[PDB]
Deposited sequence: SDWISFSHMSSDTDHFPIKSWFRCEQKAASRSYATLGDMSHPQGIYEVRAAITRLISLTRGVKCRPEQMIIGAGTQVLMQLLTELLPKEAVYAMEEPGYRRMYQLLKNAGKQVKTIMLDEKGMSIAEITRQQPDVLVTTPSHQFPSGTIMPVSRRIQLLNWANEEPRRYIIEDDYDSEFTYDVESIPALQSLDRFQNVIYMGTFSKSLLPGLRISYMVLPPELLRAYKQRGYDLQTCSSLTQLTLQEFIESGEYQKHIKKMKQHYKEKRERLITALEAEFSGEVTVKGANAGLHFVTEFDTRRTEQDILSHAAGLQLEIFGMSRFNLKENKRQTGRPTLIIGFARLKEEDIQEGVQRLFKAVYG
């Protein structure tokens, strides 16, 4: 019962300011108790969309009114709605490797999904023009999983591509954008756009706890119109949660958590990358480590990825391989999530991995 986690699917419980979250919950519950008897506006409580709208416009340069926002019980519930609002026969394009869960969702709605390989600047604009889709889904802040940060040149190329023809859209999945380490934040695709072909998506999962389940998208007027024409939708976030968040942002706590955690995860990432280069001696390559809460390790070895996982499992080390992110070569890679990982476990973790890779 003594595991260590390099899992990317997990967060620190110890570092979340939970006592502050509950304080904001009470402050917020008292001020609006009245209102929790009525069901929330389908898009989300106005003031909550307002609170989120200021923040992302501050932290990422997103241009939007709160009327354009939809909240939010996780991305898949917004992405599902979004497919229902984009044209039924529209052809989707995802990164390769990609957020496989979203691929599976798109396939499960029987949508055609082309897959775009990546280059040094991220999702390839050559492959996009070659494969001629209608809807890109891209992770510019920290490509998931490869880690690549999309430079501004490529952001523009994608944007030019989207207004060459009508009925083309970009879904900017800004997952894991809150932290960026030895570079400055690049502002969002959505900020650079002048023609409103971007659907900006975000989540508080990464910056709070995975267990909270509050995410949001910003819809361009055309698609917002489409949303409003359905009439039947019902909000998926608990109103108390929506309000707790509101209060957690406005009070300044969220902004304070972000600054404290930015520092904490920068130090843990240094510690960990230093540790890895040490007990792997250069047999390792470390990729995509300037943002997010994971990076890639590529190892020099015979052993099949699948066996390293079995061995790692054997040594009580939770860990995942890159093959997981294939939508559709003897250098196996792993994903190293440094969110839950305690600093006492670093050394021991970097040992267990060296034994898992060799034995």
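Going by the record, the unmodelled stretch of the deposited sequence is 329 to 333, and nothing else is missing.
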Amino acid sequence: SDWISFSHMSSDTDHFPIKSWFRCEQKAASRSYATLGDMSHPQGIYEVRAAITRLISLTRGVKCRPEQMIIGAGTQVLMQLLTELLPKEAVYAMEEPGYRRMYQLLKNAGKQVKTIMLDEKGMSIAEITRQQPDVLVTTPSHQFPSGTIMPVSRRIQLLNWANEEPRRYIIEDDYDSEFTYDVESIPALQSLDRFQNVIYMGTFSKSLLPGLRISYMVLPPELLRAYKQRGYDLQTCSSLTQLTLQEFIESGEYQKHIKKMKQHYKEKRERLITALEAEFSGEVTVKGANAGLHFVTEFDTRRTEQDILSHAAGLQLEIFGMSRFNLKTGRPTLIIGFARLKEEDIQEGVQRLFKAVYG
From here on, numbers count along this sequence of modelled residues.
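In this crystal structure, the stretch out of 65 to 73 and 293 to 301 whose C-alpha atoms carry the higher mean B factor is 293 to 301. Relative to its counterpart among 52 to 60 and 310 to 318, 310 to 318 has the higher mean temperature factor, C-alpha atoms as listed in the PDB entry.
Listed residues 222, 173, 247, 267 were ranked by CA B-factor as deposited; 267 comes out on top. For the set 190, 236, 83, 281, the PDB entry puts the maximum C-alpha B factor at 281.
Among the modelled residues of the chain, residue 154 sits in the middle third by CA temperature factor in this PDB entry. The entry lists a Cα temperature factor for residue 229 that places it in the highest third of the chain's modelled residues. Sorting the modelled residues of the chain by their CA temperature factor places residue 255 in the highest third. Residue 161: CA B factor in the middle third of modelled residues in this chain (values from the PDB entry).
Among the modelled residues of its chain, residue 127 has a C-alpha B-factor that falls in the middle third, as given in the PDB entry.
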